[PDB]
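>>> What would the 3D arrangement of this be:
(chains A, B, C, D, E, F, G, H, I and J)
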Amino acid sequence: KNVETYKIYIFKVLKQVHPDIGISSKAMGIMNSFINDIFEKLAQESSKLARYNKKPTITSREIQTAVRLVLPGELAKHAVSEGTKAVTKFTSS
Amino acid sequence: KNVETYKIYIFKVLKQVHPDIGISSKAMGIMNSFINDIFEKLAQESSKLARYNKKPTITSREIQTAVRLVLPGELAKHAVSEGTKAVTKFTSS
Amino acid sequence: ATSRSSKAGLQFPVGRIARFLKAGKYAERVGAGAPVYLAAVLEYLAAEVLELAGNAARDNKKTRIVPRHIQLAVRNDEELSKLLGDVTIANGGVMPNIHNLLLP
Amino acid sequence: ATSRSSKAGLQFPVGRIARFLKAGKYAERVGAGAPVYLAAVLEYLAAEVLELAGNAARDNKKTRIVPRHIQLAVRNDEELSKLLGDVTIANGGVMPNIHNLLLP
Amino acid sequence: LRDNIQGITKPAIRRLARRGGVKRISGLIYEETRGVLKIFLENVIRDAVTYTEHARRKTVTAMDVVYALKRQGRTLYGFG
Amino acid sequence: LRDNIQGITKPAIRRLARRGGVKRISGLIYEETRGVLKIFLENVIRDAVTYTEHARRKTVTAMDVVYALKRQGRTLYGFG
Amino acid sequence: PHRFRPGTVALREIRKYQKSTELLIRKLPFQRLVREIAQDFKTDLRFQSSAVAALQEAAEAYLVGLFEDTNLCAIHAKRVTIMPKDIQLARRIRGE
Amino acid sequence: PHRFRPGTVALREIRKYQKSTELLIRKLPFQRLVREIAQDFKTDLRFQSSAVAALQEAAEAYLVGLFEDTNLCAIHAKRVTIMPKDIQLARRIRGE
DNA sequence: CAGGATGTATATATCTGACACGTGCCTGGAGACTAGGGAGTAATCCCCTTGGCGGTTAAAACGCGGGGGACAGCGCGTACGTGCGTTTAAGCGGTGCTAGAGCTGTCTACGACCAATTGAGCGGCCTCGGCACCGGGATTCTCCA
DNA sequence: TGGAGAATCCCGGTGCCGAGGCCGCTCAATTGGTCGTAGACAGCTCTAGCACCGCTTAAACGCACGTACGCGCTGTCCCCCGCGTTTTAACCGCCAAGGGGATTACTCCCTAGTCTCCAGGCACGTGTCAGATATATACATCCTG
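Numbering: from 1, shown residues only, chains lettered A, B, ... in the order given. Please see the structure below:
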């Protein structure tokens, strides 16, 4: 069965940030599991947030508030900035 | 708005176990919120268990395994016994 | 129309708990026995906590259970204190405990 | 047919993340902008962790990132340490830290 | 509002210590306790304000504080 | 299987302490560490066996152990 | 005049305060402090009374637990007087 | 014969083992111990090798953290030798 | 021991505001019932987990001096408890004020969803290249001196 | 400092198996309609949060003082570290069985979905009562004495 993973995109980000640095498959798996864990955390936070306000839909606002609840400090601020920039780019074209 | 709570059933259980002992409204609120918290914990444990096995159904087995995961030790054993007894009584009658 | 609670011999509201299980959208489908099992577990836990709280109230020579007695009941039993380790009870106070080396 | 990730300028799979959001049954409806925002946040976190790990590998004077470098990067950064305080990284080792009173 | 951390006076910290079983207290304990209390309150209030802002409200509800405390593993009963 | 707790030898405990920054080790540290290790392993294995039994399996997989560790707030990477 | 030996009134206070469930911090100073702290996150906020009460209850419970751990650390060091190093050690072990 | 002063080899081992990522407990004894423990919960169980490896990794990490906290507790008491009371205090503060 | 205060309990009225109990009604439960989907079950196979085994090495065991750290005892001075007026700011009840949570229509954007469609991604092979390791040299620590 | 004595580092070959690429191929992401839906958006309304003020008192608070605890020191001894020598058990390679868990059909049954009753549970009206609460009143209790 096809096991879907973020390896290609993690490699793309690495080559975008470190052009000449490679990565071992062990670190690949560690990074993939870290991404999965963060995804799960943010998704459950957004779902609980929706349940609290009785909203049946998950919007970018729920994701933003879950980011602010889960990520700490300057990390959360920068993540919110990139998320807002990407959403603006998406809905602008 | 009608707000559902376990006050009547908690009072019934108290009168079943302590016939002559009363209870204050603060204790009712505390007990009700304790029941709500335990219910929530067991429900999320059952939902995670269902997601792990790709089963879209929550059966009594999921509740039993959530009980064993959440409640500790002899408390969990007693809870499992009472749950099985109640399920058997419901099914056979 | 006999209620499911009385059918299973439970004081807790099997019907209400089934409705809550459906409303939370924990899964697409819920079994017929899941609300009964969950109601039984909840009733057992409530009975245990109320039993210890009533005993604590009796040892205090009061008839009426108050949050102080519930806090005492929670911290007296090992199992519930393990389950409720990270929990603070409103108006519960603390267990009276003075270290041996602090005594005169 | 341009991909949503390319439209939003993200490396991460906006479409795959949208599918993951729907399949997880987190909510009955999922907004259009939620997968894009989530993909951007995931890309930012991955870029941060990979940057710190690459820097740690460079200080180690190796050209490949290994779990030891990831552990060092995690334990060097403050907010990442707060986010990953309770995590254990396979083959990560420990931060070299010897207390002052133990020194001769 | 300014300098309200000094509102946690020495007798209040001494009573909090007595409830905790403490027999003697040093001088700098009061300042250390004020610092740690400020840290804890900052964390909890940050989470509560985030919850309030998400709901598009301007009044911090008790349920927001309960959720914020729950997120830190400090479940509080009696305010549900 | 019997008495395999003694398989955690004194050199193993000493190496674990050295990795942790310990300079000197008392005699009873080895027995205390064996006891605490038994407690930790008992908890984790209990949760893992519960997860295995739920899935109607008889082989404890690595994913069961990962879930059991995650339930205690000790999430482990590299075994996903 | 009659003077009790040091520690007698301390033990009396320990026995007294562990028996009561009252709040030990004055309500108005804590309310003002909470408002001052919340002013840094979002301006012009209003607080429900039950919210401030819950905050005070949680803060007092947390401080009581912290002082229990501090007393344990002080007893460990063969001392009865608690010191800032004890609080720092307790917080470090708790992971704060 | 040449003899290093007591303690020197201790810091040498400290520096060496904090630099490596290898496993410090032998694999077979830990596997036997895990099987013996699991025998009490459900009989006739089989273990994947990755499951035992994950258990060993988690146990070693937990023990390393516990020994770090134990060293902090021992240093707090103006000692360098860690003692069972230090482990007991560390576990008590952690809530275990 | 022992007397003299000293809070600390130890009874005792007492009243009051905090709760068990009516009340009505409507919004949950119970029943009926059906179609489709999930789950149990039955087979089935191959791969992974166990078990054995033998050689053989490096780690664990096993004494064992020796040094260095725990640790009990010991002065000592200071900082913390403890009385003691004093003042001040929290409490508290009442009152005005206002702003914003909550609720209620309403409709328009906005998302599910499915049937083609197609493009990217995942598994199964090639391949070569960073890196682990391993002797020897260089360096560096570290005890002794 | 300085020399031995061992420890750490480091470089050069040398081997090497694991990343990086690549290639069929399949699935999943994109598109394209299409229509319930839901959530924002005004509008409103009442209520709770705020603002304030008088006043009083009891808690904070500054200070003087007495005391007992931290704490460094001072031997002192014992028991943990370092270090050889056995010895043994972990390890590792491998192979044969075996069994068990996914997996694939496959049938059937059970739960949602809905609708029609129907019923019990839930916010104000009663009424009343155990519990706080001063108030004397013993009861330990503890520092002197």
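>>> shouldn't residue A:30 be in contact with residue D:84?
No - under the criterion of CB atoms under 8 Å, residue A:30 makes no contact with residue D:84, lying 11.3 Å away. In this view, the C-beta of every residue, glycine as well, is placed from N, C-alpha and C.
>>> Comparing the two, which residue is more hemmed in?
residue A:30 (27 against 21; other CB atoms under 10 Å in any protein chain shown).
>>> mind checking how far the more buried one is from residue A:36?
Going from residue A:30 to residue A:36 by CB to CB, to the nearest Å gives 11 Å.
>>> The closest residue to residue E:55 other than its chain neighbours: how many residues sit nearby?
Nearest residue to residue E:55 in three dimensions, chain neighbours excluded: residue A:53, at 5.8 Å (CB to CB, 6 or more residues apart in numbering or on different chains). Using other CB under 10 Å, residue A:53 has 11 neighbouring residues.
>>> Return the distance of residue A:53 relative to chain G.
According to CB to the nearest CB, to the nearest Å, residue A:53 and chain G sit 17 Å apart.
>>> after the longest helix seen in chain G, next one along is what?
Using DSSP state H to define each element, chain G has its longest helix at helix G:49-76. Tracing the chain past helix G:49-76, the next element assigned as helix or strand by DSSP states H and E is strand G:81-82.
>>> can you tell me if that next one touches chain C.
No - shown here: strand G:81-82 not in contact with chain C (CB under 8 Å from any CB of the partner chain), separated by at least 11.2 Å.
>>> what helices or strands is that strand leaning on?
Contact here means 3 or more CB pairs under 8 Å, 6 or more residues apart in numbering or on different chains; DSSP states H and E; on that basis strand G:81-82 packs against strand E:24-25, helix G:49-76.
>>> what lines up beside the first one in the sheet?
When sheet partners are counted by DSSP bridges, strand E:24-25 sits next to strand G:81-82 (parallel).
>>> Determine how far the strand it pairs with lies from the middle of the whole chain.
Relative to its chain's centre, strand G:81-82 lies at 15 Å (CA atoms, centre = their mean, to the nearest Å).
>>> got a list of contacts for that strand?
Identification of contacts with strand G:81-82 by CB atoms under 8 Å, 6 or more residues apart in numbering or on different chains yields E:17, E:22-26, E:29, G:67, G:70-71, G:73-74.
>>> ok, these vs residue H:46, which is closest?
Lowest distance from residue H:46 to the contacts of strand G:81-82 (CB to CB) belongs to residue G:73, with 45.3 Å.
>>> which residues sit in contact with the nearest residue to the closest one once chain neighbours are set aside?
Distance criterion CB to CB, 6+ apart; nearest residue to residue G:73, sequence neighbours excluded, is residue G:86 at 4.0 Å. Residues in contact with residue G:86 (CB under 8 Å, 6+ apart) are G:70-71, G:73-74, G:77, H:76.
>>> name the element residue G:86 belongs to?
Using DSSP H and E, residue G:86 falls in helix G:84-94.
>>> can that helix be found next to DNA strand I?
No - under the criterion of CB under 7 Å from any atom of the strand, DNA strand I is not reached by helix G:84-94; the shortest gap measures 9.7 Å.
>>> which of the residues in that helix are buried?
Buried residues in helix G:84-94, defined by neighbour count with 16 or more other CB atoms under 10 Å in any protein chain shown: G:84-87, G:89-91, G:93.
>>> Having no further points to raise, I will conclude here.
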